[PDB]
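Data first, discussion second: the structure below is written as structure tokens.
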Amino acid sequence: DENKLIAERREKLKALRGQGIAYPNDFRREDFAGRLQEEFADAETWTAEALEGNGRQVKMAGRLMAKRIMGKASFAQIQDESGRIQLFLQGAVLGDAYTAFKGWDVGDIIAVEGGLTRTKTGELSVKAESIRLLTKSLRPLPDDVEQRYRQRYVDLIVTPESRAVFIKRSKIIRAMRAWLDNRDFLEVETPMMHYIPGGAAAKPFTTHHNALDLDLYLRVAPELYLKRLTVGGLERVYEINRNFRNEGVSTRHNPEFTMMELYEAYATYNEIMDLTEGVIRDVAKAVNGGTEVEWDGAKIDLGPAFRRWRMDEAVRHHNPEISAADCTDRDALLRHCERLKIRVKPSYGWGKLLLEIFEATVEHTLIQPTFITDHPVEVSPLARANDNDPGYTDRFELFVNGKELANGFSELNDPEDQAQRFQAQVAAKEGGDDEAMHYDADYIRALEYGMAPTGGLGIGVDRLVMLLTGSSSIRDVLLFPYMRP
Amino acid sequence: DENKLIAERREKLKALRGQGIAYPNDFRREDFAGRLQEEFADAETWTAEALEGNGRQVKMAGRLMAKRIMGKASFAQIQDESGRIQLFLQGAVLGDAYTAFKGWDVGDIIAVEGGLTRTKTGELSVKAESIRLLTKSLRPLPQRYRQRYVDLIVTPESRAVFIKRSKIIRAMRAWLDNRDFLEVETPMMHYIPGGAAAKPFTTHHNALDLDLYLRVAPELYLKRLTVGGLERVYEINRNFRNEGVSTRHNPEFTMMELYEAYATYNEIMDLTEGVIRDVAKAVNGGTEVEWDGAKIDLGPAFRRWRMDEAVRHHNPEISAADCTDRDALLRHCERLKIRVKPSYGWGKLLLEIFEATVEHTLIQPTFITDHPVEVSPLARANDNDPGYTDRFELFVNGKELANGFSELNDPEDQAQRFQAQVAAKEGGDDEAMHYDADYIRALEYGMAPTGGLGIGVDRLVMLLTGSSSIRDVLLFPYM
Ligand SMILES: N[C@@H](CCCC[NH3+])C(=O)O
Ligand SMILES: N[C@@H](CCCC[NH3+])C(=O)O
Ligand SMILES: [Cl-]
Ligand SMILES: [Cl-]
């Protein structure tokens, strides 16, 4: 079937090469289908007689999506990047080019010039004075669900409503940059290859620089490089770019993902939360015109102030059998974990156990936007310890519809404290932990030069785009998501 | 003697921890030194009496850069992200905080509040009414690339380069967005490395048991978007080259790539010189720049010069017939002492002669056009002489700044060029491209005729900031 159609289109191309240049590049496109549809949307004012009288001429090109051959005259529909428009073709006007049109195929790229009119059913149409083939298609367009991702180039053609998700993705990132730029944050670029993978607990990709005989790591986060800039005196910086994770086969998580990270000297996690909900809410209003969105069935409103809820309080609310004393009591939390069927390791302190209970019993219930605050120090190796209870850190994670969207904290700038935590992570990696951090001596050295007290932030841009576009799957907001071979 | 200095500072930190929270984070910085200097630059209006009388109070923090103790009174200088300002400290006003200040070290991060004044020497100064230590420094200030975090401190002039770099990229995005190009993100890991002749980094996805390549270019993914009908796209992001040891080159570098359906290299050259010129005006206020001792004017229309004519101008021994005669070009190469390879056809030999005798003479902005097909595997062949392609490279001050062409959209031609590349990759060419059957498939669905472009962002920033080394426009260059 399909292999027969392809051969037939190659025979058409073979005859095309004998008549001349089969792939010409000398057509200047000037007009866009969607801009014309908007300009002439009022069919009461722009009747067929009005459009023909106006004398407007257009010069367009697009992919041939449909043909209606009536005999001496035909209709066609083309699609460019902005939308679709009808064409009206008359053999008495177009002559040999009308004969050519009858032989073209859906998928061919054609160019057309002419005036405007409106069909009997109200559709804006080009009255074609001249028409020509620019690119012969050799593969017919489709009339599995994984082919939309292994062939994004096909799906953008036949599901053109998906284009709007990617356009909005671009507007979201641009709105975020304007919001930050207007607040005098400096956008910076830091390396994507690191000597030591740091700044997140994730398994990295490794690569090799052959000339230097040097192993390198694709970054899991830019955090430790960005705080070196804070030390240097770039006191308000951000970066929006890729991180890399070398983890399990997942349909919900891509090995490449886009994060915005930001560092503001002299802020705490209180001000960083303010900033986080401010930029998310304002970007939502800029690209959607309001603060409400429907995501995965949930009706989310970003307008009201986000909730701020301690992790231990949220755990106790959802686990009434846990007392306030139990929250820092490792033996009590083991009992609850066993009771909740939560697999535990012997290296887990009370803080890790509390996080496990939070993940199993709390986080799926956080639908409306909620900052969960004050994470235990055991699970927060880069966050500043709280002044009043050093078993906790001044940290937060933002959840929307049960999903983590951002995380930030008052930054640990005490080099001796940071070195100690680095050493506990090196001890944790020896116990079979593939995600424990490494000791980065050069970063300790930067902190020894002195870093201002600072607040830092990461926003998951892909999940932010999923939320604001109402996309349930990561694969709908990435142009080329990774697919298994 | 530095390790003893570190020990003394650590002892000071120990005493600090004994007195309270040594690393506090409860200071809300409100004012910036560089903005106060601008606001009060007019010392005729803003005498000491007018500053002290206006009642302005500031609240700022910065790194302690200098101290001058004069008994009961002292001067100090601090530096934040915006510049430097002087502090005036009186023991009669600050009490115990003055005693603490005399113990502080250059490099410490401190916070201060007070009014403003001006010294006898005309310097804007904060009359400190309250001062406190936020971060004790443990390492004395003295590198430039091994410790950018030190050089940004003591060479604050370098900050302006990186600020201007961010403004250049921002102005480029605005110029392209205002012309309805869509900024996209394509993968940085590829199944097949393509889009440039460069040795790639390889990595491995463990769970999928699959080898991947860090991209040398996004080109083949961007053109798949053209096929999909995203007809005006651009991307500004990293490429990765696993090349040899070089101080002039960095294994990571930033490129802007753009694809415009229904353009040729003529219109892409128009676009290229327009965006460069307009971005220069936006960040520099004009079109002239001094770069590595050369005075460059981006204002006039860029020269457009064929490669073969430029070669013959600088090598008059080379005839018109010679330019497509492999044996004649081999003789010229030997006479010019250019080392070459037996697999080089006339087109590659012409490029080698261009690189050796022409490229370094191209000071004022010059598009060199019409590259041989042998060295242009993704460029559309010329309709009248298919030994050449409709391609250009932009040179300024002897350096390549951009490259673009009318795009090859003929899938059968593209597959043949890939097949020649594969034969070379088996002949000992680590930079020969691979066959990408999925890209060919996308072209078989049909791509509009298209023009494409790559601009070297790092070199553009070097040009527009007058920086002679790429290490001066990269925050963390590879060392
Ligand atoms: N590095 C963090 C984001 C910033 C956290 C605050 N310093 C992450 O990967 O999620
Ligand atoms: N991929 C090219 C830039 C685009 C050329 C036009 N398709 C490069 O790496 O230089
Ligand atoms: Cl042809
Ligand atoms: Cl302390």
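Below, chains carry the letters A, B, ... as their sequence lines are ordered, and counting in each starts from 1.
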Electrostatic pair [X]:[Y] at N-O distance under 4.0 angstrom:
X      : Y      : result
A:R9   : B:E444 : no
A:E239 : B:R238 : yes
B:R17  : A:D414 : yes
A:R236 : B:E81  : yes
B:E231 : A:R63  : no

Region of [X] in contact with chain B, defined by heavy-atom distances below 4.5 Å:
X      : answer
A:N270 : neither
A:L13  : side chain
A:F257 : neither
A:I21  : side chain
A:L412 : neither

Measure [X] against the heavy atoms of chain A and call it side chain, backbone, both or neither at under 4.5 Å.
X      : answer
B:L443 : neither
B:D26  : neither
B:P24  : backbone

Next on the checklist: Only pairs of heavy atoms separated by less than 4.5 Å count here; which of B:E267, B:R29, B:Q79, B:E407 has the most with chain A?
Outcome noted: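 Answer, by heavy-atom pair count under 4.5 Å with chain A: B:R29.
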Treating [X] as the side-chain partner and [Y] as the backbone partner, does any N or O pair qualify as donor plus acceptor under 3.5 Å?
X      : Y      : answer
B:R28  : A:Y266 : yes
B:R441 : A:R139 : no
B:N242 : A:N210 : yes

Next on the checklist: Side chains of B:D438 and A:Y153: any donor to acceptor distance under 3.5 Å?
Outcome noted: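 There is such a pair (donor and acceptor under 3.5 Å, judged by atom type) between the side chains of A:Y153 and B:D438.
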Checklist entry - Taking side chain as C-beta onward, heavy atoms only, is A:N241 less than 4.5 Å from B:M188? => result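 Yes. Closest side-chain heavy atoms under 4.5 Å.
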Checklist entry - Is the ring centre of A:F205 less than 6.0 Å from the ring centre of B:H205? => result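 Between B:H205 and A:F205, which both carry aromatic rings, the centre distance is below 6.0 Å.
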